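Peer 1: Below is the structure I would like to discuss, written out as structure tokens.
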Amino acid sequence: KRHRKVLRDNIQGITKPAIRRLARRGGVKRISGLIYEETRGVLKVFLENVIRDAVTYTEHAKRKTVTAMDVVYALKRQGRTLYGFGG
Amino acid sequence: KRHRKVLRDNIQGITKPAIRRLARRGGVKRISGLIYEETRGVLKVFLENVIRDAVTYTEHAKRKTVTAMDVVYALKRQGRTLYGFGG
Amino acid sequence: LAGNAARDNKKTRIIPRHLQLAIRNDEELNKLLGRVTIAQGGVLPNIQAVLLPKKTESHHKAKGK
Amino acid sequence: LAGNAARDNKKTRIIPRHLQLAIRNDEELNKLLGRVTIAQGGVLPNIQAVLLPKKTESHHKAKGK
DNA sequence: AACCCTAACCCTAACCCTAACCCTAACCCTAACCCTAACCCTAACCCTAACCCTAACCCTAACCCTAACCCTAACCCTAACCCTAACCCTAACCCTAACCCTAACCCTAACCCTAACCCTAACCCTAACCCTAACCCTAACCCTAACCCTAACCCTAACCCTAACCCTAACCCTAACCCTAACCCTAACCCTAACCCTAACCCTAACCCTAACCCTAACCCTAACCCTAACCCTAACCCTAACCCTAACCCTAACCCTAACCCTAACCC
DNA sequence: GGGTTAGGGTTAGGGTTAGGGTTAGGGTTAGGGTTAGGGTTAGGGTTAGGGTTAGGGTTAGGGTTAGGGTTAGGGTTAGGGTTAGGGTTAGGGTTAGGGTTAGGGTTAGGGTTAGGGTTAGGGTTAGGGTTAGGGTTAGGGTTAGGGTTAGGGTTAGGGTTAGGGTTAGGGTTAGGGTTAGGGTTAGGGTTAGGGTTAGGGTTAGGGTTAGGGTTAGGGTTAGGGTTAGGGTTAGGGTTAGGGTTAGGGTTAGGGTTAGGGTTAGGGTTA
């Protein structure tokens with residue numbers, strides 16, 4: 001009927017090796033242990049700020065489905081225009 | 001089956017006529033508009049504190065059910081001795 | 001926190017005044033030691049915004065127009 | 001908010017300095033008008049706590065003690 | 001304010017029989033108390049310096065009107081949220097059972113740490129100077145606050161290009177249907193990094209004599225600005241006859257997963 | 001130095017996948033005439049342009065000399081090489097099915113301003129505040145050194161407590177009743193949800209007269225040494241009277257169970 005784990009991924013998936021692999025893409029050699037929590041926090045607040053605009057855009061046309069067009073529109077409004085996936 | 005859960009429809013659970021009846025039983029004749037929101041917030045904070053205390057007591061007692069005895073113990077530890085329900 | 005309040009008040013040793021400063025500054029310390037009074041110390045200038053000198057020519061008197 | 005900042009600075013009219021005071025004081029106004037610069041006005045004394053006289057101890061010792 | 005039925009959960013016996021309060025016997029160490037004089041617990045006096053105690057002078061507010069203007073106060077039609085049985089179920093609680101993991105009591109026997117005890121430093125105070133708010137005498141300049149006067153946006157009689165609801169096919173995003181290796185966790189492990197103690201020393205840090213430099217008072221005079229007409233250069237909106245440009249569907253080319261083999265770094269004498 | 005184990009360039013074999021036509025078509029790109037909007041010059045009144053004349057007003061430059069915060073040479077201390085099963089863990093399909101999302105139509109839903117006459121919009125006015133200069137004074141921050149002094153090192157003798165053997169309950173883990181919280185449905189009616197509106201209910205200026213608010217003068221009364229003498233605090237043997245524990249008997253105590261005394265509604269005249 002319903003999942004017994006109602007945590008709904010409480011800012012999970014951003015594990016230690018995952019952050020130990022995105023920081024290496026930039027050029028970070030030594031990664032401190034107090035960076036994972038700040039990275040998770042900033043990722044969560046960025047996703048929240050993007051999803052707020054995405055929901056505000058999807059709720060205008062009386063639609064209950066979030067498409068990639070509204071997502072890339074909200075991203076371009078924020079100041080980050082993405083090419084390829086949107087179009 | 002039961003494929004739903006609880007939502008935001010909880011702060012509004014304490015209906016406005018209920019808060020008005022509580023204020024009348026207390027000694028208030030005329031209740032303002034923003035009184036209901038503040039009362040709901042204060043009640044939510046108090047319930048959060050009491051439920052956190054009861055959860056801590058239940059985790060210390062190696063159980064998974066909050067009992068009236070634990071609720072009375074938490075209320076007495078906070079500073080509100082309640083009689084009747086328990087002993 | 002006492003060293004923080006001490007360098008905020010600048011003195012050679014930790015005094016009960018600095019201890020009270022630190023207790024009132026730290027929200028967690030103020031919530032923990034709520035009914036604790038530190039002897040040989042003062043309070044903090046945490047005041048509202050009404051009782052202020054502010055006549056603004058007081059008016060009410062003669063017409064100064 | 002401009003009247004609030006004006007009575008905080010006390011003047012006979014609303015000035016761009018009071019407008020900047022109100023904009024920087026209101027968090028919502030600062031978040032809305034982020035890239036807006038008010039001409040004929042100054043900034044607010046919002047500073048940290050390092051560049052302070054003493055504090056960091058210019059003497060630290062009296063040459064020996 | 002009693003009835004008045006109406007009638008449900010409180011209502012006097014009563015009755016095992018479970019199990020805790022108890023009725024035949026024993027040991028145990030800890031309530032007062034008498035010698036003892038110690039040092040904190042019994043009062044007596046001096047003094048003098050911050051200290052209270054007691055009038056005069058004065059100025060913003062506490063409170064009572066004054067007009068005034070805006071907010072949660074009580075029916076009205078709902079009708080949606082919400083009580084009331086009546087079953088109908090599927091998961092933590094609840095009973096010990098016997099086995100161990102987990103606890104006493106005790107005999108030393110070395111651990112070590114605050115009373116005492118000196119010694120060293122790091123401040124409680126003075127003494128000069130050095131900064132440091134704060135609203136009155138003037139007085140005074142545009143930058144501050146009050147009215148007279150005039151000239152195009154704000155503006156409503158017919159009208160004309162699209163959101164308002166609505167069926168409607170079909171397609172795309174969860175559903176709980178479904179397994180499986182390649183990624184998630186984990187404990188012991190060592191070798192670089194993080195973080196502080198002393199020690200130069202060179203950068204730097206607060207002045208004092210000095211030798212100009214740049215807005216006041218303005219000092220004169222010159223190059224295109226825009227509001228005057230207007231003027232011929234220019235650029236869509238009804239046309240129409242093509243004409244340029246995606247869509248669905250075969251088609252065949254280089255990037256795609258896989259197996260076997262040769263340059264190319266740190267090992268440490 | 002050593003031989004040196006190590007990843008890193010080749011090589012079929014499909015397997016897509018970008019792309020090479022192919023009509024289909026139809027939007028959609030692509031062409032005339034016109035007129036009324038869309039540009040294009042020059043001159044007046046006027047904001048700039050530079051070249052000096054005083055007339056101060058800091059001032060930043062140059063020397064300078066202690067001095068401390070850095071920046072070096074170590075000493076302890078944490079997380080990246082490893083490895084390995086195994087229990088998750090995250091990919092891939094199959095249905096499927098069902099809500100949704102574009103696809104088409106039809107009335108509110110929008111332009112526009114004639115138009116003239118306002119009515120808010122905007123220069124131009126001289127009369128009260130302004131707004132901060134100066135000039136104290138009293139309160140608020142820096143430094144040597146000495147008079148105790150409140151702490152920083154010694155230290156050696158007893159109150160713990162860490163070393164070790166031996167039992168006993170007290171928790172540990174299954175194994176079913178069971179029962180008491182979850183899971184639905186009819187329904188209806190009662191609790192909840194919407195306007196008004198006007199009138200009390202706040203909310204803001206305008207006297208005055210009480211009522212606190214500061215400073216000058218004394219005359220204490222509250223801060224400090226010196227005793228000293230008695231009135232309790234405080235450890236130490238020693239009972240005997242107040243207790244604690246292993247065994248029955250057993251009176252008092254804890255789950256069920258009726259039928260009868262009041263306990264809630266609802267139409268009652270007052």
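Every chain in the structure tokens takes a letter, A first, then B, and so on in the order presented; its residues are numbered from 1, and the ligands are numbered from 1 following the presented order.
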Would you kindly return, as a VMD selection string, each protein, DNA or RNA residue with an atom no farther than 12 Å from any atom of residue 47 (chain A), considering only C-alpha atoms (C1' of nucleotides) and excluding same-chain residues fewer than 6 positions away?

Peer 2: chain A and resid 11 40 to 41 53 to 55 71 74 to 75

Peer 1: If you superpose chain C onto chain D over the full set of Cα atoms in sequence order, what number do you get for the RMSD in Å?

Peer 2: 2.0 Å

Peer 1: Determine, using only C-alpha atoms (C1' of nucleotides), which residues of chain E have any atom at most 10 Å from an atom of chain B, and tabulate each with its shortest atom pair and distance in Å to one decimal place, rows ordered by chain and then rising number, as CSV.

Peer 2:
```
residue,atom,partner,partner_atom,distance
E:71,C1',B:32,CA,9.3
E:72,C1',B:32,CA,6.9
E:73,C1',B:30,CA,7.4
E:92,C1',B:64,CA,8.9
```

Peer 1: Can you provide chain A as a PDB file with C-alpha atoms, in the first residue's frame, superposed onto chain B by least squares across all C-alpha atoms matched in order?

Peer 2:
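Dumped to selection21.pdb:
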```
ATOM      1  CA  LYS A   1      -1.941   0.776  -0.711  1.00  0.00           C
ATOM      2  CA  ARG A   2      -1.351   4.334   0.496  1.00  0.00           C
ATOM      3  CA  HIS A   3      -3.464   7.417   1.119  1.00  0.00           C
ATOM      4  CA  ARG A   4      -3.429   9.895  -1.761  1.00  0.00           C
ATOM      5  CA  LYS A   5      -3.455  12.789   0.751  1.00  0.00           C
ATOM      6  CA  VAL A   6       0.108  12.801   2.093  1.00  0.00           C
ATOM      7  CA  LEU A   7      -0.480  16.074   3.933  1.00  0.00           C
ATOM      8  CA  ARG A   8      -0.911  14.133   7.212  1.00  0.00           C
ATOM      9  CA  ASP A   9      -2.953  16.979   8.721  1.00  0.00           C
ATOM     10  CA  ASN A  10      -0.677  19.969   8.027  1.00  0.00           C
ATOM     11  CA  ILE A  11      -1.500  21.672  11.339  1.00  0.00           C
ATOM     12  CA  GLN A  12      -5.205  21.141  10.679  1.00  0.00           C
ATOM     13  CA  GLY A  13      -8.142  20.508  13.006  1.00  0.00           C
ATOM     14  CA  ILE A  14      -7.441  23.814  14.773  1.00  0.00           C
ATOM     15  CA  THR A  15     -10.216  25.525  12.823  1.00  0.00           C
ATOM     16  CA  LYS A  16     -11.521  29.060  13.315  1.00  0.00           C
ATOM     17  CA  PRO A  17     -14.512  28.105  15.537  1.00  0.00           C
ATOM     18  CA  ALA A  18     -12.270  25.758  17.536  1.00  0.00           C
ATOM     19  CA  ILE A  19     -10.019  28.691  18.435  1.00  0.00           C
ATOM     20  CA  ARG A  20     -13.187  30.804  18.773  1.00  0.00           C
ATOM     21  CA  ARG A  21     -14.206  28.362  21.527  1.00  0.00           C
ATOM     22  CA  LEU A  22     -10.975  27.820  23.482  1.00  0.00           C
ATOM     23  CA  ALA A  23     -10.331  31.567  23.696  1.00  0.00           C
ATOM     24  CA  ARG A  24     -13.845  31.968  25.107  1.00  0.00           C
ATOM     25  CA  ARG A  25     -13.054  29.511  27.914  1.00  0.00           C
ATOM     26  CA  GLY A  26     -10.621  32.078  29.316  1.00  0.00           C
ATOM     27  CA  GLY A  27     -12.748  35.161  28.736  1.00  0.00           C
ATOM     28  CA  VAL A  28     -11.892  36.619  25.327  1.00  0.00           C
ATOM     29  CA  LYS A  29     -14.853  38.516  23.863  1.00  0.00           C
ATOM     30  CA  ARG A  30     -13.445  39.903  20.592  1.00  0.00           C
ATOM     31  CA  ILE A  31     -11.021  37.540  18.833  1.00  0.00           C
ATOM     32  CA  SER A  32      -8.985  39.022  15.995  1.00  0.00           C
ATOM     33  CA  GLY A  33      -8.459  37.217  12.705  1.00  0.00           C
ATOM     34  CA  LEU A  34      -4.658  37.253  13.004  1.00  0.00           C
ATOM     35  CA  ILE A  35      -4.738  35.051  16.128  1.00  0.00           C
ATOM     36  CA  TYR A  36      -5.598  31.684  14.526  1.00  0.00           C
ATOM     37  CA  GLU A  37      -2.226  31.348  12.787  1.00  0.00           C
ATOM     38  CA  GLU A  38      -0.237  32.281  15.901  1.00  0.00           C
ATOM     39  CA  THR A  39      -2.328  29.857  17.974  1.00  0.00           C
ATOM     40  CA  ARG A  40      -1.708  27.062  15.464  1.00  0.00           C
ATOM     41  CA  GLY A  41       2.009  27.860  15.483  1.00  0.00           C
ATOM     42  CA  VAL A  42       2.356  27.840  19.265  1.00  0.00           C
ATOM     43  CA  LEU A  43       0.295  24.646  19.518  1.00  0.00           C
ATOM     44  CA  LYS A  44       2.506  22.992  16.895  1.00  0.00           C
ATOM     45  CA  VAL A  45       5.750  23.993  18.606  1.00  0.00           C
ATOM     46  CA  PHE A  46       4.435  22.902  22.023  1.00  0.00           C
ATOM     47  CA  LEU A  47       3.352  19.529  20.632  1.00  0.00           C
ATOM     48  CA  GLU A  48       6.757  19.163  18.964  1.00  0.00           C
ATOM     49  CA  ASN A  49       8.607  19.956  22.198  1.00  0.00           C
ATOM     50  CA  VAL A  50       6.477  17.432  24.095  1.00  0.00           C
ATOM     51  CA  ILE A  51       6.732  14.707  21.436  1.00  0.00           C
ATOM     52  CA  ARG A  52      10.525  15.048  21.297  1.00  0.00           C
ATOM     53  CA  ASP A  53      10.777  14.228  25.007  1.00  0.00           C
ATOM     54  CA  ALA A  54       8.139  11.499  24.669  1.00  0.00           C
ATOM     55  CA  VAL A  55      10.111   9.790  21.890  1.00  0.00           C
ATOM     56  CA  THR A  56      13.365  10.199  23.829  1.00  0.00           C
ATOM     57  CA  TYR A  57      11.699   8.509  26.812  1.00  0.00           C
ATOM     58  CA  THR A  58      10.153   5.683  24.775  1.00  0.00           C
ATOM     59  CA  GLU A  59      13.411   4.953  22.924  1.00  0.00           C
ATOM     60  CA  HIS A  60      15.234   4.144  26.182  1.00  0.00           C
ATOM     61  CA  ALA A  61      13.486   0.829  26.935  1.00  0.00           C
ATOM     62  CA  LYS A  62      13.778  -0.328  23.286  1.00  0.00           C
ATOM     63  CA  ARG A  63      10.002   0.063  22.939  1.00  0.00           C
ATOM     64  CA  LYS A  64       8.189   1.166  19.777  1.00  0.00           C
ATOM     65  CA  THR A  65       4.927   2.174  21.501  1.00  0.00           C
ATOM     66  CA  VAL A  66       4.233   5.491  23.240  1.00  0.00           C
ATOM     67  CA  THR A  67       2.235   5.037  26.447  1.00  0.00           C
ATOM     68  CA  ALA A  68       0.586   7.568  28.736  1.00  0.00           C
ATOM     69  CA  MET A  69       3.208   7.035  31.456  1.00  0.00           C
ATOM     70  CA  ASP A  70       6.048   8.382  29.310  1.00  0.00           C
ATOM     71  CA  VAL A  71       3.811  11.254  28.180  1.00  0.00           C
ATOM     72  CA  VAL A  72       2.963  12.344  31.723  1.00  0.00           C
ATOM     73  CA  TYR A  73       6.618  11.891  32.718  1.00  0.00           C
ATOM     74  CA  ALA A  74       7.760  14.199  29.910  1.00  0.00           C
ATOM     75  CA  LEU A  75       5.017  16.654  30.898  1.00  0.00           C
ATOM     76  CA  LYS A  76       6.098  16.638  34.553  1.00  0.00           C
ATOM     77  CA  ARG A  77       9.702  17.176  33.453  1.00  0.00           C
ATOM     78  CA  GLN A  78       8.594  20.226  31.458  1.00  0.00           C
ATOM     79  CA  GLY A  79       6.840  21.654  34.520  1.00  0.00           C
ATOM     80  CA  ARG A  80       3.193  20.655  34.015  1.00  0.00           C
ATOM     81  CA  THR A  81       2.153  17.658  36.127  1.00  0.00           C
ATOM     82  CA  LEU A  82      -1.170  16.134  35.050  1.00  0.00           C
ATOM     83  CA  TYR A  83      -3.283  13.933  37.324  1.00  0.00           C
ATOM     84  CA  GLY A  84      -5.841  11.280  36.451  1.00  0.00           C
ATOM     85  CA  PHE A  85      -4.852  10.015  33.012  1.00  0.00           C
ATOM     86  CA  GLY A  86      -1.318   9.069  34.058  1.00  0.00           C
ATOM     87  CA  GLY A  87      -1.201   7.596  37.550  1.00  0.00           C
TER      88      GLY A  87
END
```

Peer 1: Select, from F:228, F:96, F:222, F:18, the residue with the minimum atom-to-atom distance to residue 52 (chain E), counting only C-alpha atoms (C1' of nucleotides).

Peer 2: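 Looking at the shortest contact to residue 52 (chain E), the residue is F:222.
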
Peer 1: Taking only C-alpha atoms into account, which of C:23, C:62, C:51, C:1 comes nearest residue 35 (chain C)?

Peer 2: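 Smallest distance to residue 35 (chain C) is found for C:23.
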
Peer 1: Taking 6 positions as the minimum chain separation for residues in the same chain, which residues sit within 12 Å of residue 264 (chain E) when counting only C-alpha atoms (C1' of nucleotides)? Answer as a PyMOL selection string.

Peer 2: chain F and resi 4-9

Peer 1: Could I get the residues of chain E with an atom no further than 10 Å from an atom of chain C, each paired with its nearest atom pair and that distance in Å to one decimal, using only C-alpha atoms (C1' of nucleotides), sorted by chain and residue number, as JSON lines?

Peer 2:
```
{"residue": "E:60", "atom": "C1'", "partner": "C:58", "partner_atom": "CA", "distance": 9.2}
{"residue": "E:122", "atom": "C1'", "partner": "C:12", "partner_atom": "CA", "distance": 9.5}
{"residue": "E:123", "atom": "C1'", "partner": "C:12", "partner_atom": "CA", "distance": 8.3}
{"residue": "E:145", "atom": "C1'", "partner": "C:65", "partner_atom": "CA", "distance": 9.9}
{"residue": "E:146", "atom": "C1'", "partner": "C:65", "partner_atom": "CA", "distance": 9.7}
```

Peer 1: Using only C-alpha atoms (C1' of nucleotides) and a cut-off of 10 Å, which residues of chain F sit close to chain B? Please list them as number ranges by chain.

Peer 2: F: 183-184, 191-192

Peer 1: Next, dump the selected residues to file, keeping only N, CA, C and O atoms (P, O5', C5', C4', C3', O3' and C1' of nucleotides), as a PDB file, in the first residue's frame.

Peer 2:
```pdb
ATOM      1  P    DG F 183      -4.471   1.241   7.446  1.00  0.00           P
ATOM      2  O5'  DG F 183      -5.895   0.544   7.221  1.00  0.00           O
ATOM      3  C5'  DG F 183      -5.972  -0.761   6.653  1.00  0.00           C
ATOM      4  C4'  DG F 183      -7.348  -1.012   6.056  1.00  0.00           C
ATOM      5  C3'  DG F 183      -7.979   0.195   5.354  1.00  0.00           C
ATOM      6  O3'  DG F 183      -8.553  -0.199   4.113  1.00  0.00           O
ATOM      7  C1'  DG F 183      -9.462  -0.662   6.973  1.00  0.00           C
ATOM      8  P    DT F 184      -8.551   0.813   2.864  1.00  0.00           P
ATOM      9  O5'  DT F 184      -9.964   0.562   2.156  1.00  0.00           O
ATOM     10  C5'  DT F 184     -11.046   1.466   2.371  1.00  0.00           C
ATOM     11  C4'  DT F 184     -12.296   0.718   2.800  1.00  0.00           C
ATOM     12  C3'  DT F 184     -13.587   1.514   2.707  1.00  0.00           C
ATOM     13  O3'  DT F 184     -14.158   1.382   1.405  1.00  0.00           O
ATOM     14  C1'  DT F 184     -13.488   0.153   4.703  1.00  0.00           C
ATOM     15  P    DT F 191     -23.159  20.541  15.977  1.00  0.00           P
ATOM     16  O5'  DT F 191     -21.654  20.982  15.675  1.00  0.00           O
ATOM     17  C5'  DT F 191     -20.693  20.005  15.299  1.00  0.00           C
ATOM     18  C4'  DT F 191     -19.903  20.469  14.090  1.00  0.00           C
ATOM     19  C3'  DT F 191     -19.253  21.851  14.237  1.00  0.00           C
ATOM     20  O3'  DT F 191     -17.870  21.786  13.907  1.00  0.00           O
ATOM     21  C1'  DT F 191     -20.463  21.707  12.209  1.00  0.00           C
ATOM     22  P    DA F 192     -16.912  23.048  14.187  1.00  0.00           P
ATOM     23  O5'  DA F 192     -16.734  23.724  12.747  1.00  0.00           O
ATOM     24  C5'  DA F 192     -15.997  23.050  11.732  1.00  0.00           C
ATOM     25  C4'  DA F 192     -16.449  23.488  10.349  1.00  0.00           C
ATOM     26  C3'  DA F 192     -16.074  24.918   9.967  1.00  0.00           C
ATOM     27  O3'  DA F 192     -14.879  24.920   9.186  1.00  0.00           O
ATOM     28  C1'  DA F 192     -18.294  24.282   9.229  1.00  0.00           C
TER      29       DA F 192
END
```

Peer 1: Listing only residues of chain D within 12 Å of chain C, what is the closest atom pair and its distance in Å (to one decimal) for each, using only C-alpha atoms, sorted by chain and residue number ascending, as CSV?

Peer 2:
```
residue,atom,partner,partner_atom,distance
D:4,CA,C:49,CA,11.6
D:7,CA,C:54,CA,9.2
D:8,CA,C:49,CA,10.2
D:9,CA,C:54,CA,11.4
D:10,CA,C:56,CA,8.8
D:11,CA,C:56,CA,9.8
D:12,CA,C:56,CA,9.8
D:49,CA,C:8,CA,9.7
D:50,CA,C:7,CA,11.4
D:52,CA,C:8,CA,10.5
D:53,CA,C:10,CA,11.0
D:54,CA,C:10,CA,8.5
D:55,CA,C:7,CA,6.1
D:56,CA,C:7,CA,9.1
D:57,CA,C:7,CA,9.9
D:60,CA,C:12,CA,11.5
```
